[PDB]
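**Q** So that you have it, the file is input.cif, and it contains mmCIF, C-alpha atoms:
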data_entry
loop_
_atom_site.label_atom_id
_atom_site.label_comp_id
_atom_site.auth_asym_id
_atom_site.auth_seq_id
_atom_site.Cartn_x
_atom_site.Cartn_y
_atom_site.Cartn_z
CA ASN W 331 21.14 26.03 22.45
CA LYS W 332 20.76 29.11 20.37
CA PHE W 333 17.77 31.14 19.41
CA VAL W 334 18.56 31.20 15.59
CA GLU W 335 18.77 27.46 15.39
CA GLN W 336 15.34 27.07 17.04
CA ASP W 337 13.77 29.31 14.35
CA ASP W 338 15.81 27.57 11.57
CA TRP W 339 14.28 24.19 12.70
CA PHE W 340 10.80 25.86 12.74
CA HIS W 341 10.82 27.21 9.16
CA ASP W 342 12.27 23.92 7.95
CA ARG W 343 9.57 21.74 9.51
CA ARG W 344 6.76 23.99 8.34
CA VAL W 345 7.95 24.11 4.72
CA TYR W 346 8.76 20.43 4.59
CA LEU W 347 5.37 19.20 5.87
CA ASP W 348 3.57 21.72 3.66
CA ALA W 349 5.37 20.00 0.64
CA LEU W 350 4.53 16.65 2.06
CA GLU W 351 0.79 17.26 2.74
CA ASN W 352 0.16 18.52 -0.82
CA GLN W 353 2.17 15.52 -2.07
CA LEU W 354 0.12 13.04 -0.06
CA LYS W 355 -3.08 14.49 -1.57
CA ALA W 356 -1.75 13.70 -5.16
CA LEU W 357 -0.80 10.00 -4.15
CA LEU W 358 -4.28 9.58 -2.59
CA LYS W 359 -5.96 10.56 -5.91
CA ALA W 360 -3.81 8.06 -7.63
CA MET W 361 -5.28 5.38 -5.39
CA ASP W 362 -8.92 6.26 -6.12
CA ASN W 363 -8.32 5.45 -9.77
CA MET W 364 -6.38 2.36 -9.02
CA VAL W 365 -9.37 0.79 -7.15
CA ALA W 366 -11.61 1.80 -10.00
CA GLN W 367 -9.33 0.19 -12.61
CA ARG W 368 -8.71 -2.98 -10.71
CA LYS W 369 -12.53 -3.33 -10.59
CA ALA W 370 -12.76 -3.25 -14.32
CA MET W 371 -9.36 -4.90 -15.41
CA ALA W 372 -11.21 -7.81 -13.93
CA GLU W 373 -14.29 -7.12 -16.27
CA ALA W 374 -11.65 -6.82 -19.03
CA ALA W 375 -10.65 -10.41 -18.11
CA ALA W 376 -14.25 -11.65 -17.97
CA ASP W 377 -14.61 -10.76 -21.63
CA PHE W 378 -11.30 -12.53 -22.25
CA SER W 379 -12.47 -15.70 -20.61
CA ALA W 380 -15.73 -15.40 -22.45
CA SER W 381 -14.05 -15.29 -25.89
CA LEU W 382 -12.03 -18.48 -25.03
CA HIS W 383 -15.22 -20.26 -24.13
CA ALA W 384 -17.06 -18.70 -27.08
CA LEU W 385 -14.33 -20.24 -29.40
CA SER W 386 -14.44 -23.74 -27.71
CA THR W 387 -18.00 -23.90 -28.98
CA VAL W 388 -16.99 -23.29 -32.66
CA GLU W 389 -13.85 -25.68 -32.47
CA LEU W 390 -13.82 -28.96 -30.51
CA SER W 391 -10.78 -30.71 -31.93
CA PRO W 392 -9.36 -32.89 -29.09
CA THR W 393 -5.81 -31.61 -28.73
CA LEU W 394 -6.78 -27.94 -29.01
CA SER W 395 -9.79 -27.85 -26.63
CA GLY W 396 -7.96 -29.23 -23.63
CA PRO W 397 -5.44 -26.41 -23.38
CA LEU W 398 -8.17 -23.95 -24.30
CA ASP W 399 -10.28 -24.59 -21.21
CA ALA W 400 -7.15 -24.61 -19.02
CA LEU W 401 -6.37 -21.23 -20.35
CA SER W 402 -9.87 -19.93 -19.66
CA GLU W 403 -9.36 -20.96 -15.97
CA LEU W 404 -5.86 -19.43 -15.94
CA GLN W 405 -7.32 -16.23 -17.11
CA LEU W 406 -9.99 -16.49 -14.35
CA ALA W 407 -7.15 -16.74 -11.79
CA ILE W 408 -5.66 -13.56 -13.32
CA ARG W 409 -9.11 -11.95 -13.26
CA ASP W 410 -9.27 -12.88 -9.63
CA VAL W 411 -5.64 -11.43 -8.84
CA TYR W 412 -6.79 -8.13 -10.28
CA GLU W 413 -9.79 -8.07 -7.85
CA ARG W 414 -7.42 -9.19 -5.01
CA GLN W 415 -4.96 -6.43 -5.65
CA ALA W 416 -7.39 -3.61 -4.99
CA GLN W 417 -7.42 -4.81 -1.35
CA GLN W 418 -3.60 -5.53 -1.43
CA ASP W 419 -1.52 -2.67 -2.69
CA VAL W 420 -4.38 -0.01 -3.34
CA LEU W 421 -6.11 -0.29 -0.07
CA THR W 422 -2.88 -0.56 2.01
CA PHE W 423 -1.19 2.62 0.59
CA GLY W 424 -4.44 4.57 0.52
CA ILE W 425 -5.08 4.02 4.26
CA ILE W 426 -1.42 4.98 5.28
CA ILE W 427 -1.45 8.13 3.09
CA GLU W 428 -4.63 9.37 4.71
CA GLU W 429 -3.06 8.59 8.05
CA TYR W 430 0.15 10.63 7.40
CA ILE W 431 -2.14 13.66 6.54
CA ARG W 432 -3.86 13.22 9.91
CA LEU W 433 -0.48 13.37 11.66
CA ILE W 434 0.70 16.47 9.57
CA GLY W 435 -2.74 17.84 9.99
CA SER W 436 -2.38 17.73 13.85
CA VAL W 437 1.03 19.41 13.60
CA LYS W 438 -0.70 22.30 11.61
CA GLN W 439 -2.93 22.94 14.75
CA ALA W 440 0.27 22.84 16.95
CA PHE W 441 1.88 25.37 14.69
CA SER W 442 -1.03 27.82 14.76
CA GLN W 443 -0.73 27.75 18.67
CA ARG W 444 2.88 28.95 18.38
CA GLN W 445 2.18 31.26 15.44
CA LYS W 446 -0.25 33.49 17.38
CA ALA W 447 2.46 33.58 20.10
CA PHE W 448 5.11 34.72 17.55
CA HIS W 449 2.82 37.36 16.12
CA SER W 450 2.35 38.72 19.69
CA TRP W 451 6.06 38.58 20.42
CA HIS W 452 7.02 40.86 17.43
CA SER W 453 4.45 43.51 18.77
CA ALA W 454 6.00 43.14 22.16
CA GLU W 455 9.59 43.57 20.74
CA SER W 456 8.62 46.66 18.55
CA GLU W 457 6.87 48.27 21.57
CA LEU W 458 10.01 47.60 23.73
CA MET W 459 12.34 49.05 21.11
CA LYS W 460 10.05 52.24 20.67
CA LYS W 461 10.15 52.77 24.50
CA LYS W 462 13.89 52.24 24.78
CA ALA W 463 14.35 54.86 21.97
CA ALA W 464 12.01 57.38 23.86
CA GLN W 465 14.25 57.27 26.89
CA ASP W 466 17.29 57.90 24.65
CA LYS W 467 15.39 60.85 22.97
CA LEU W 468 14.70 62.58 26.31
CA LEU W 469 18.44 62.43 27.21
CA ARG W 470 19.31 64.47 24.17
CA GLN W 471 16.46 66.89 24.58
CA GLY W 472 18.68 68.43 27.34
CA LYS W 473 15.63 68.70 29.73
CA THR W 474 13.74 65.69 31.09
CA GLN W 475 10.81 65.25 33.50
CA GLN W 476 12.25 62.32 35.61
CA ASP W 477 8.66 61.21 36.40
CA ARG W 478 8.06 60.26 32.82
CA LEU W 479 11.42 58.77 32.43
CA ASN W 480 10.57 56.40 35.37
CA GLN W 481 6.99 55.65 33.79
CA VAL W 482 8.83 54.66 30.58
CA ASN W 483 11.33 52.66 32.72
CA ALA W 484 8.57 50.61 34.31
CA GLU W 485 7.10 49.66 30.85
CA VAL W 486 10.58 48.97 29.48
CA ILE W 487 11.26 46.61 32.49
CA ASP W 488 7.86 44.75 32.11
CA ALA W 489 8.48 44.34 28.37
CA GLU W 490 11.98 42.94 29.15
CA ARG W 491 10.42 40.24 31.19
CA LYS W 492 7.76 39.53 28.61
CA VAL W 493 10.37 39.21 25.86
CA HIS W 494 12.74 37.09 28.08
CA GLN W 495 9.94 34.69 28.96
CA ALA W 496 8.36 34.47 25.52
CA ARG W 497 11.80 33.67 23.93
CA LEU W 498 12.31 30.99 26.59
CA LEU W 499 8.98 29.38 25.63
CA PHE W 500 9.93 29.43 21.96
CA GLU W 501 13.08 27.37 22.75
CA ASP W 502 11.22 24.67 24.82
CA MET W 503 8.32 24.57 22.27
CA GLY W 504 10.97 24.00 19.66
CA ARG W 505 12.74 21.21 21.75
CA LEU W 506 9.32 19.64 22.03
CA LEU W 507 8.95 20.16 18.30
CA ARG W 508 12.23 18.27 17.58
CA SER W 509 11.07 15.44 19.80
CA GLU W 510 7.74 15.61 18.03
CA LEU W 511 9.38 15.43 14.58
CA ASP W 512 11.61 12.71 15.67
CA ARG W 513 8.74 10.70 17.11
CA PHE W 514 6.58 11.43 14.07
CA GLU W 515 9.04 10.06 11.53
CA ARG W 516 9.66 6.88 13.60
CA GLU W 517 5.92 6.24 13.66
CA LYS W 518 5.60 6.84 9.85
CA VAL W 519 8.23 3.96 9.25
CA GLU W 520 6.39 1.63 11.76
CA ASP W 521 3.16 2.50 9.93
CA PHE W 522 4.64 1.71 6.43
CA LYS W 523 6.64 -1.33 7.74
CA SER W 524 3.45 -3.05 9.11
CA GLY W 525 1.57 -2.17 6.03
CA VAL W 526 4.37 -3.59 3.93
CA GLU W 527 4.40 -6.84 5.96
CA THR W 528 0.67 -7.22 5.54
CA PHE W 529 1.19 -6.86 1.85
CA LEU W 530 4.31 -9.11 1.77
CA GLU W 531 2.42 -12.05 3.17
CA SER W 532 -0.69 -11.69 1.13
CA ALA W 533 1.23 -10.97 -2.09
CA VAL W 534 3.48 -14.07 -1.71
CA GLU W 535 0.47 -16.37 -1.37
CA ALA W 536 -1.61 -14.64 -4.12
CA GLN W 537 1.41 -15.08 -6.56
CA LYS W 538 2.25 -18.54 -5.19
CA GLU W 539 -1.29 -19.35 -6.16
CA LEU W 540 -0.74 -18.03 -9.71
CA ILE W 541 2.32 -20.19 -10.02
CA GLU W 542 0.33 -23.21 -8.81
CA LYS W 543 -2.37 -22.40 -11.33
CA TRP W 544 0.31 -22.14 -13.95
CA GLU W 545 1.73 -25.57 -13.11
CA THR W 546 -1.72 -27.20 -13.28
CA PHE W 547 -2.39 -25.63 -16.69
CA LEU W 548 1.21 -26.00 -18.01
CA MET W 549 0.89 -29.77 -17.48
CA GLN W 550 -2.41 -29.24 -19.26
#
Take the structure in this file and express it as structure tokens.
**A**
Amino acid sequence: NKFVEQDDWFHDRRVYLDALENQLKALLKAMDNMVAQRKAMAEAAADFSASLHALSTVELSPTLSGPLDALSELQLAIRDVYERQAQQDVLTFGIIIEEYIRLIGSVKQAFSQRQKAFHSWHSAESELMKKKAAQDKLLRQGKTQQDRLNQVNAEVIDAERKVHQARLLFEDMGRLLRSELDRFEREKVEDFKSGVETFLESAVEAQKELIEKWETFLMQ
């Protein structure tokens, strides 16, 4: 591996899942309305049914009334599909969206853990560099106390270990992070796929039912 590449993967993940979290919040809001409308598309269709019935009282003629009731009932099936659909599509997406935020949301805590570590590392690197420059400065003074040169040496050497170790941890945190990303995405498909299946089944019956309703009331 290479140190640049590990940071390149860091900045990428952090930006991407910031875009995604804020995105997920917008799709969630979209859901909240969708439940609310499906609730009241249904009321929309209660009125609709009511008018058909309200018009079968003021006509009665034999070959118009028969279809007219069938149509009220048809409408009540559509009314019903609207109610159904809040728990099909709306509920299914709304639950997985919230869930993806939890998973991004956990990877924000994981980041913060590293991020304090990075912030410490830069202090450790600018301290090391200052010290390394102080030794150089003494050399071209022309006169050095060798005591202080050795006191600087000891702090230079301790900071060299601190940097070497800290950089090592960044790589393996990053390798973990790759595995983490790679796991995370795989889960997000499995999440969506099950959710989709749950939908697929329910949706096929709910519509099968509309078609059956249609046949009954087509044949009048």
**Q** As an exercise, work out the distance from CA of residue 442 (chain W) to CA of residue 351 (chain W) in Å and give it to one decimal place.
**A** 16.1 Å
**Q** Which residue gives the smallest distance to residue 489 (chain W) among W:531, W:373, W:455, W:419, with all atoms listed in the file counted?
**A**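 Looking at the shortest contact to residue 489 (chain W), the residue is W:455.
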**Q** With distances taken over only C-alpha atoms, which of W:464, W:540, W:507, W:354 is nearest to residue 435 (chain W)?
**A**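 Between W:464, W:540, W:507, W:354, the residue approaching residue 435 (chain W) most closely is W:354.
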**Q** Name the residues that the PyMOL selection byres ((chain W and resi 355-372) around 7) picks from the file above, as a CSV table (one decimal) with C-alpha atoms, keeping the file's coordinate frame, using the file's chain letters and numbers.
**A**
chain,number,residue,atom,x,y,z
W,351,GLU,CA,0.8,17.3,2.7
W,352,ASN,CA,0.2,18.5,-0.8
W,353,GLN,CA,2.2,15.5,-2.1
W,354,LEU,CA,0.1,13.0,-0.1
W,373,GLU,CA,-14.3,-7.1,-16.3
W,374,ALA,CA,-11.6,-6.8,-19.0
W,375,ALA,CA,-10.6,-10.4,-18.1
W,376,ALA,CA,-14.2,-11.6,-18.0
W,409,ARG,CA,-9.1,-12.0,-13.3
W,410,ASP,CA,-9.3,-12.9,-9.6
W,412,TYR,CA,-6.8,-8.1,-10.3
W,413,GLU,CA,-9.8,-8.1,-7.8
W,416,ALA,CA,-7.4,-3.6,-5.0
W,420,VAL,CA,-4.4,0.0,-3.3
W,424,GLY,CA,-4.4,4.6,0.5
W,427,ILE,CA,-1.4,8.1,3.1
**Q** Using only C-alpha atoms, determine which residues lie at most 10 Å from residue 444 (chain W), disregarding the query and same-chain residues fewer than 4 positions distant; provide the list as number ranges by chain.
**A** W: 439-440, 448-450, 499-500, 503-504
**Q** Using the chain letters and residue numbers of this document, give as a PDB file with C-alpha atoms, in the frame of the given file the residues selected by the PyMOL selection byres ((chain W and resi 333) around 12).
**A**
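Wrote selection24.pdb, looks like this:
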ATOM      1  CA  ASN W 331      21.140  26.030  22.450  1.00  0.00           C
ATOM      2  CA  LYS W 332      20.760  29.110  20.370  1.00  0.00           C
ATOM      3  CA  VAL W 334      18.560  31.200  15.590  1.00  0.00           C
ATOM      4  CA  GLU W 335      18.770  27.460  15.390  1.00  0.00           C
ATOM      5  CA  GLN W 336      15.340  27.070  17.040  1.00  0.00           C
ATOM      6  CA  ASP W 337      13.770  29.310  14.350  1.00  0.00           C
ATOM      7  CA  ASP W 338      15.810  27.570  11.570  1.00  0.00           C
ATOM      8  CA  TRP W 339      14.280  24.190  12.700  1.00  0.00           C
ATOM      9  CA  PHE W 340      10.800  25.860  12.740  1.00  0.00           C
ATOM     10  CA  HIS W 494      12.740  37.090  28.080  1.00  0.00           C
ATOM     11  CA  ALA W 496       8.360  34.470  25.520  1.00  0.00           C
ATOM     12  CA  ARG W 497      11.800  33.670  23.930  1.00  0.00           C
ATOM     13  CA  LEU W 498      12.310  30.990  26.590  1.00  0.00           C
ATOM     14  CA  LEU W 499       8.980  29.380  25.630  1.00  0.00           C
ATOM     15  CA  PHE W 500       9.930  29.430  21.960  1.00  0.00           C
ATOM     16  CA  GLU W 501      13.080  27.370  22.750  1.00  0.00           C
ATOM     17  CA  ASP W 502      11.220  24.670  24.820  1.00  0.00           C
ATOM     18  CA  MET W 503       8.320  24.570  22.270  1.00  0.00           C
ATOM     19  CA  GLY W 504      10.970  24.000  19.660  1.00  0.00           C
ATOM     20  CA  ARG W 505      12.740  21.210  21.750  1.00  0.00           C
TER      21      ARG W 505
END
**Q** Have a look at CA of residue 522 (chain W) and CA of residue 344 (chain W) and let me know their distance in Å, one decimal.
**A**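 For CA of residue 522 (chain W) relative to CA of residue 344 (chain W), the distance reads 22.5 Å.
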**Q** Mind pulling up the distance from CA of residue 510 (chain W) to CA of residue 437 (chain W)?
**A** 8.9 Å
**Q** I'd like to see the residues matched by the PyMOL selection byres ((chain W and resi 386) around 12) on this file, and ideally I'd get them as a PyMOL selection string.
**A** chain W and resi 379-385+387-402
**Q** Have a look at W:466, W:511, W:458, W:536 and name the one nearest to residue 486 (chain W); count all atoms listed in the file.
**A**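 Using all atoms listed in the file, residue 486 (chain W) sits closest to W:458.
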**Q** So that I can see what lies close to residue 426 (chain W), please list as a list in words the residues with an atom at most 9 Å from it, counting only C-alpha atoms and leaving out residues fewer than 6 positions away in the same chain.
**A**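 Contacts, in chain order: residues 518, 521, 522 and 525 of chain W.
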**Q** Using all atoms listed in the file, which residue out of W:479, W:493, W:463, W:411 lies closest to residue 535 (chain W)?
**A** W:411
**Q** Using all atoms listed in the file, pick whichever of W:533, W:454, W:468, W:407 has the shortest atom-to-atom distance to residue 485 (chain W).
**A**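 Among W:533, W:454, W:468, W:407, it is W:454 that comes nearest to residue 485 (chain W).
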**Q** Restricting the calculation to all atoms listed in the file: of W:342, W:457, W:520, W:542, which residue gets closest to residue 492 (chain W)?
**A**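 Ranking W:342, W:457, W:520, W:542 by distance to residue 492 (chain W), first place goes to W:457.
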**Q** Starting from the sparse input, extend region 465-477 of chain W to N, CA, C and O atoms and give the output as a PDB file, in the coordinates of the input.
**A**
ATOM      1  N   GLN W 465      13.345  56.899  25.794  1.00  0.00           N
ATOM      2  CA  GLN W 465      14.250  57.270  26.890  1.00  0.00           C
ATOM      3  C   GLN W 465      15.489  57.982  26.336  1.00  0.00           C
ATOM      4  O   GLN W 465      15.882  58.996  26.888  1.00  0.00           O
ATOM      5  N   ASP W 466      16.116  57.369  25.263  1.00  0.00           N
ATOM      6  CA  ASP W 466      17.290  57.900  24.650  1.00  0.00           C
ATOM      7  C   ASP W 466      17.051  59.333  24.163  1.00  0.00           C
ATOM      8  O   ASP W 466      17.885  60.230  24.315  1.00  0.00           O
ATOM      9  N   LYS W 467      15.826  59.593  23.563  1.00  0.00           N
ATOM     10  CA  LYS W 467      15.390  60.850  22.970  1.00  0.00           C
ATOM     11  C   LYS W 467      15.325  62.012  23.976  1.00  0.00           C
ATOM     12  O   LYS W 467      15.814  63.099  23.690  1.00  0.00           O
ATOM     13  N   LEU W 468      14.782  61.700  25.181  1.00  0.00           N
ATOM     14  CA  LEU W 468      14.700  62.580  26.310  1.00  0.00           C
ATOM     15  C   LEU W 468      16.042  63.066  26.831  1.00  0.00           C
ATOM     16  O   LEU W 468      16.220  64.254  27.112  1.00  0.00           O
ATOM     17  N   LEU W 469      17.064  62.135  26.843  1.00  0.00           N
ATOM     18  CA  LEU W 469      18.440  62.430  27.210  1.00  0.00           C
ATOM     19  C   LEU W 469      19.081  63.533  26.360  1.00  0.00           C
ATOM     20  O   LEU W 469      19.868  64.386  26.851  1.00  0.00           O
ATOM     21  N   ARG W 470      18.740  63.488  25.057  1.00  0.00           N
ATOM     22  CA  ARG W 470      19.310  64.470  24.170  1.00  0.00           C
ATOM     23  C   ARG W 470      18.430  65.537  23.700  1.00  0.00           C
ATOM     24  O   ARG W 470      18.680  66.244  22.711  1.00  0.00           O
ATOM     25  N   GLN W 471      17.205  65.645  24.404  1.00  0.00           N
ATOM     26  CA  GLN W 471      16.460  66.890  24.580  1.00  0.00           C
ATOM     27  C   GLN W 471      17.174  67.951  25.360  1.00  0.00           C
ATOM     28  O   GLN W 471      16.917  69.146  25.182  1.00  0.00           O
ATOM     29  N   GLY W 472      17.887  67.555  26.493  1.00  0.00           N
ATOM     30  CA  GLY W 472      18.680  68.430  27.340  1.00  0.00           C
ATOM     31  C   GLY W 472      17.874  68.762  28.622  1.00  0.00           C
ATOM     32  O   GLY W 472      18.422  69.327  29.537  1.00  0.00           O
ATOM     33  N   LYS W 473      16.540  68.431  28.616  1.00  0.00           N
ATOM     34  CA  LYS W 473      15.630  68.700  29.730  1.00  0.00           C
ATOM     35  C   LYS W 473      14.723  67.444  29.785  1.00  0.00           C
ATOM     36  O   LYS W 473      14.256  66.962  28.750  1.00  0.00           O
ATOM     37  N   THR W 474      14.560  66.853  30.945  1.00  0.00           N
ATOM     38  CA  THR W 474      13.740  65.690  31.090  1.00  0.00           C
ATOM     39  C   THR W 474      12.863  65.833  32.317  1.00  0.00           C
ATOM     40  O   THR W 474      13.380  66.224  33.382  1.00  0.00           O
ATOM     41  N   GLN W 475      11.544  65.560  32.281  1.00  0.00           N
ATOM     42  CA  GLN W 475      10.810  65.250  33.500  1.00  0.00           C
ATOM     43  C   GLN W 475      11.141  63.817  33.862  1.00  0.00           C
ATOM     44  O   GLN W 475      10.887  62.873  33.143  1.00  0.00           O
ATOM     45  N   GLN W 476      11.740  63.638  35.108  1.00  0.00           N
ATOM     46  CA  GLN W 476      12.250  62.320  35.610  1.00  0.00           C
ATOM     47  C   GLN W 476      11.171  61.302  35.984  1.00  0.00           C
ATOM     48  O   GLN W 476      11.365  60.097  35.997  1.00  0.00           O
ATOM     49  N   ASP W 477       9.921  61.859  36.204  1.00  0.00           N
ATOM     50  CA  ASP W 477       8.660  61.210  36.400  1.00  0.00           C
ATOM     51  C   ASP W 477       8.322  60.361  35.236  1.00  0.00           C
ATOM     52  O   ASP W 477       8.001  59.203  35.398  1.00  0.00           O
TER      53      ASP W 477
END
